[PDB]
Amino acid sequence: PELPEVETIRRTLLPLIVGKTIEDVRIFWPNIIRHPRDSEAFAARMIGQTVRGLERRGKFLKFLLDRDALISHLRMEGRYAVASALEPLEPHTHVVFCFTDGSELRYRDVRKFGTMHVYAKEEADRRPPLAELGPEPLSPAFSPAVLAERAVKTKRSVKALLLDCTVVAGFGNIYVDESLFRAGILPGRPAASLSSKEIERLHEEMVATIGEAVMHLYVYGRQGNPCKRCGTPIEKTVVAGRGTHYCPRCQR
DNA sequence: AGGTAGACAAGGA
DNA sequence: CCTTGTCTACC
Ligand SMILES: [Zn+2]
């Protein structure tokens, strides 16, 4: 899921689990648990805590319990669902949180790329994986000034800079390409080569792109297809080690 | 040390 | 062979 989908999961999942008390945690693929290292410690510490909240940081879900925060990344194919303990589990269910009311929060993930970390609430933000995470793209903490400061002192391409989680939280490949298209900037351009006007434009389009999605693509996955603005065939190359999509006419 | 590239996760085609 | 973010590892 992208940031906008994670935000939708956050909003939808919260009412389904808030106030519920954990009676058991069952783990069928221990590698998903990254902290505590021992998945049995992870299971044992969550028992008896009640779910109090659910927040989002970039693409991370942060489950707030009594003492602890559970930090969850779905990556590609991770999914949460709430269902009865009486029903057979669906395939690829790797972690189950059982509540005292007989319902369960089930974590499914065909890839098994997702991760979970549990820390005391007050420590979560200063440990991995949340430590060093950049500002929310929809917050005033993400500003043209902040973007310019990073752009100026790097040799990297603008795409690589935007994919840096320390620069801005949760901007993935899709929204970087889309935002760069809307701002008229070639992804392979050196970040330090951007004018102030371009930084401001890029910031504005980044916020619009994310903002619209949370609340139809131009370039991503559309190589060979006509640009929706000028009709020129969309192109695809490799920038910053990844498939990159752009309009060779509209982006400069 | 400090900036930054890519190793790593792992199963489905 | 391929998929993707990111945090550890590298120079
Ligand atoms: Zn175009």
Side-chain angles (χ1 to χ4, degrees), chain A residues 1-12 55-61 73-76 133-148 150-151 154 156-196 198-214 217-241 243-252:
Chain A
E2 299 293 336
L3 189 154
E5 196 187 340
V6 179
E7 175 58 33
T8 297
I9 292 154
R10 191 206 67 81
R11 189 176 49 74
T12 301
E55 298 169 359
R56 181 192 50 75
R57 271 295 280 144
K59 292 179 204 189
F60 297 97
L61 291 167
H73 203 303
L74 305 171
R75 299 283 171 151
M76 347 259 279
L133 190 56
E136 289 295 321
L138 294 192
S139 86
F142 183 60
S143 63
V146 161
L147 197 52
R150 292 295 301 261
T154 185
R156 320 165 83 181
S157 69
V158 59
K159 168 149 186 174
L161 183 71
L162 263 40
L163 293 173
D164 188 340
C165 59
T166 66
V167 174
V168 55
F171 248 88
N173 201 46
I174 298 180
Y175 294 127
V176 173
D177 284 6
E178 294 297 308
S179 294
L180 285 175
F181 167 77
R182 292 164 65 147
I185 303 169
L186 282 168
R189 276 192 57 203
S193 88
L194 271 70
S195 71
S196 298
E198 289 180 310
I199 295 298
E200 215 155 343
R201 188 62 205 283
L202 178 55
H203 176 269
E204 172 193 337
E205 296 298 339
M206 286 177 68
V207 179
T209 301
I210 278 293
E212 298 170 7
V214 296
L217 298 163
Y218 287 107
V219 296
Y220 185 85
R222 301 190 67 256
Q223 64 273 27
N225 307 335
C227 174
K228 293 187 174 176
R229 181 186 289 160
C230 75
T232 300
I234 295 312
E235 282 167 11
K236 180 179 189 173
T237 61
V238 165
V239 171
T244 301
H245 310 78
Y246 64 94
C247 175
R249 168 177 184 172
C250 296
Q251 299 170 248
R252 287 311 153 88

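Order of the sequence lines sets the chain letters (A, B, ...), proteins ahead of strands, with each chain counted from 1. Computation of the quantities below employed the complete heavy-atom set of this structure, encompassing side-chain atoms and omitting hydrogens, waters and symmetry-equivalent molecules.
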Could you please spell out the steps behind the salt bridge (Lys or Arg N to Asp or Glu O under 4.0 Å) verdict for A/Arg201 and A/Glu198? CA-CA 5 Å; A/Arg201 188 62 205 283; A/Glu198 289 180 310; over 6 Å; no

After noting the C-alpha distance and the side-chain angles of A/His203 and A/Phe142, does the key distance pass the ring pair (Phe, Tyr, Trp, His ring centres under 6.0 Å) rule? CA-CA 8 Å; A/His203 176 269; A/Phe142 183 60; 5.0 Å; yes

Where do A/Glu55 and A/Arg10 land on the salt bridge (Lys or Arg N to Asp or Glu O under 4.0 Å) test, with the steps shown first? CA-CA 7 Å; A/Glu55 298 169 359; A/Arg10 191 206 67 81; over 6 Å; no

What do the steps show when you test A/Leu162 against A/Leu202 for side chain to side chain contact (heavy atoms under 4.5 Å, CB included), and what is the final call? CA-CA 10 Å; A/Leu162 263 40; A/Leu202 178 55; 4.0 Å; yes

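Atoms CZ and OH, on A/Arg249 and A/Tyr246 in that order, are 15.5 Å from each other to the nearest 0.5 Å. Taking NZ of A/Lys236 as the reference point, atom CD of A/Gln223 lies at 4.5 Å (rounded to 0.5 Å). One finds the OG1 atom of A/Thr232 at 11.0 Å from the CD atom of A/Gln251 (value rounded to the nearest 0.5 Å). Rounding to the nearest 0.5 angstrom, the gap separating the CG atom in A/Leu180 from the OH atom in A/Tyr175 is 14.5 Å. Taken from OG1 in A/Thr8 to CG in A/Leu3, the straight-line distance is 9.5 Å, to the nearest 0.5 Å. Between the CD atom of A/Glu7 and the OG1 atom of A/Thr12 there is a distance of 9.5 Å, given to the nearest 0.5 Å.
Judged by distance alone, the side chain of A/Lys228 and the main-chain N or O of A/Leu217 form a donor-acceptor pair under 3.5 Å. In this structure, the side chain of A/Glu136 engages the main chain of A/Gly58 through a donor-acceptor pair within 3.5 Å. The backbone N or O of A/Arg150 lies less than 3.5 Å from no partner atom in the side chain of A/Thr154, so there is not a single donor-acceptor pair.
With a 6.0 Å cutoff to the six-membered ring centre and a 45° limit on the axis angle, A/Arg229 counts as a cation-pi contact of A/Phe181.
Within the 4.5 Å cutoff, the side chain of A/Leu194 has no heavy atoms near those of the A/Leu147 side chain.
When all heavy atoms of A/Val146 and A/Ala141 are compared, the pair lying nearest together is CG2-O, 3.6 Å. Looking at every heavy atom in both residues, A/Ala169 comes nearest to A/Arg57 through CB-NH1, 4.0 Å. For the residue pair A/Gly188 and A/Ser157, the shortest heavy atom distance occurs at O-CB, 3.8 Å. Taking every heavy atom of both residues into account, A/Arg156 and A/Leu161 meet most closely at NH1-CA, 4.4 Å. Nearest heavy-atom pair, A/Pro137 versus A/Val207, reported as atom, atom and distance to 0.1 Å: O-CG2, 3.5 Å. The nearest pair of heavy atoms linking A/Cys247 to A/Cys230 is SG-SG, 3.6 Å.
With A/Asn173 as the partner, the side-chain hydrogen bond (donor to acceptor under 3.5 Å, both in side chains) test is satisfied by one option alone out of A/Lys159, A/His245, A/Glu178: A/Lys159.
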